[PDB]
Structures are given as structure tokens and as C-alpha cells.
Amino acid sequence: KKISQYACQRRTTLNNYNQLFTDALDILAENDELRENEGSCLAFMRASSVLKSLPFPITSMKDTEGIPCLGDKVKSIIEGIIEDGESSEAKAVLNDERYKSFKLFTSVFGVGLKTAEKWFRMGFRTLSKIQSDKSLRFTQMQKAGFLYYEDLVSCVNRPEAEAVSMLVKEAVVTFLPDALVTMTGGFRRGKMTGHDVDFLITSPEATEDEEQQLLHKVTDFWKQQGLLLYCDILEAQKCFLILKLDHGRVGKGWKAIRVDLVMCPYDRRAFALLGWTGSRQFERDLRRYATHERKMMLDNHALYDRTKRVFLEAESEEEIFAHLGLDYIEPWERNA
């Protein structure tokens, strides 16, 4: 059948038969992100995403016929990999000094595009030279990023994610006993690793005040146990944390783990769950499909119909998919 240009109309499981092509496309996309070429970045991310959905490996140029998001530039890259098993374009990016510096600097929690560019233009090339510099001033986020660097750069596995789930649930039910805690992100899509562990917290009986106070109560509780290594609460309501995960719950005997908690009103739980499950590409295409194909607006809180001038209600992800005129895609099929 006809492969859609939208990730939300494709089933993308973790069994990628085209990793040789998508690893090269992911490097080219990352370079364009670093060079602030948003458009070329998006074109390589879409091409990589569509190849990830294929139930077979590309073995010839003829196999690319009728596949969307594969223009002339992308087909040249695929042709080159079929030729000798390597991408000369991706190899050049991997050896580029700006690309190497941007990957290294942005690997620090609290360092993005602007700070990485600033440090590179100052002549810095290593994290050791940045940390030991007497003139540089670091944000509270960067201080935590450097202090827990080794732990944060190693990836979180499923036993660790589960151990964190237990800590989150134990803390949450202490203040809201009827609260529902769901692991979202990559782990909900079936990944066996991740950079962090994400949770959606919601309560069917909590008041507007109770809902607002929960993340402050849970983080104060952890601060008292000496488990809160970093905390930033944002406006729903969410927090970006670093938690101390003791070895015994799954050297120094503990591991720093990046955790994100999202508190949402009970009614909006389907929109939040859908938004936080991801992948990033699946979310982008859901919103793009809603706008361009249905004249609808979708976000983590709601679904709005621009023609009917009404907000559409949903108690489940299935209901959101049905409002959009999409076949339901399971979370493990959203790895776009």
C-alpha cells in the first residue's frame, strides 16, 4: 500500500532494517541542527523516520520508488551507502571540528546550541578546559550537568527506570493516595534504554490546589531524604529533576538519574499522555497532519476544530486518533 509522509499514519517499531542509512541521515540532521539550518535538518529527520518504518531493508535504488520524504539529495546519500557500505557525507560531518565540539558540549545538562556556539568561538574544545577555566560562569543547571556528567551520559536501563517508578509512586501516593502514575517517553514505546525517565501524574479526585502543590511536596520529601540532586519546576506543571538512585533499589553505590514529572488535570490526561509518549517525530507529524489535513490544532492539553470552532473532548488516546480520522497507533509503534 501507499506509505504516508506522516509518521502518525505509519507503524514504526524498534526493529529497524535500515540502520546503515538512518544512522548516516541522523548525523546529517544533527549537523544541520547545530548549523541552525532547521529546514535541511527536518528533511533529513523525515527521511530517516520513513526508512525506520520499513518492514524490509533497502538493497537497491529501485526499492526507494514510491517512498515519500526521499528527494534527490537523500537518494544520492542512499546510493552512496549501497555503493560501498559507507556515507562520505556523514563521515565528513563526524570529522568536522564544529560538529565534534557541539556534540561534546551539548552532552552536558544545561548546555544547548547557544552556549555550545559561544564556547566553540572562545576556542574551547574539551570539557576539562571548560570546567577548569577561571573566567567562565556556569548556570545552576550546568553546575549539576558537570557534577553528575558521567552518570547522566550513561544511559538509564529498564531495571533503573522501574526502580525510579517505585520511588515516584511511593512519594506521590504519600500526598495524593488516589493518584495515577504512568511512565511515558521511550520506555512506554518499548525502549530498553533512555537518557531520562518520564512520568505523567494525574488524580481523579484532587482539587486545583492539591494538583498544584503535589510536585512541591514530592520534591521537598526527596530533599529531606537527600535524594534531590537538581530541581526546576516549570509552568500544566512539570519538573526537570536529577535524583539519587541507590544501588540497593535496582563504586559510590548510587547513580544520578534525570527524571521528568508532569502533573496534569485528570480530564486532559489523554492529550498529555499522547504528547509525552512521543517519539518527537511522531508528535511533530500528529500536529502537522491535524493542521494540514484536518484543519485542527493539537497540543498536549487539547484538540481544537477550526471549522466547527469547538474543542474536542477525549478520555483516551484512541478517542484523539478517532477525532483526527487516524487508525490507532500503539505506543510501541510510535518509534518514528
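Throughout, we count residues from 1 along the sequence that is shown.
Unmodelled residues of the deposited sequence between neighbouring positions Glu235 and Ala236 number 10 or more. Unmodelled stretch separating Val250 from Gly251: 4 to 9 residues (count of deposited-sequence residues without coordinates). For the segment pair 42 to 50 and 58 to 66, the entry gives 58 to 66 the higher mean B-factor, averaged over Cα atoms. The deposited model assigns a higher average Cα B-factor to 128 to 136 than to the other stretch when 185 to 193 and 128 to 136 are compared. Among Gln213, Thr106, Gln142, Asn157, the highest C-alpha B-factor recorded in the PDB entry belongs to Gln213. Highest C-alpha temperature factor among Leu261, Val153, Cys231, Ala161, as the PDB entry reports it: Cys231. Among the modelled residues of its chain, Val310 has a C-alpha B-factor that falls in the middle third, as given in the PDB entry. Residue-level temperature factors show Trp119 in the middle third of its chain, judged at the C-alpha atom. Annotation for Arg35: C-alpha temperature factor in the highest third relative to the rest of the modelled chain, per the entry. Sorting the modelled residues of the chain by their CA temperature factor places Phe175 in the highest third.
Among the modelled residues of the chain, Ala206 sits in the highest third by CA temperature factor in this PDB entry.
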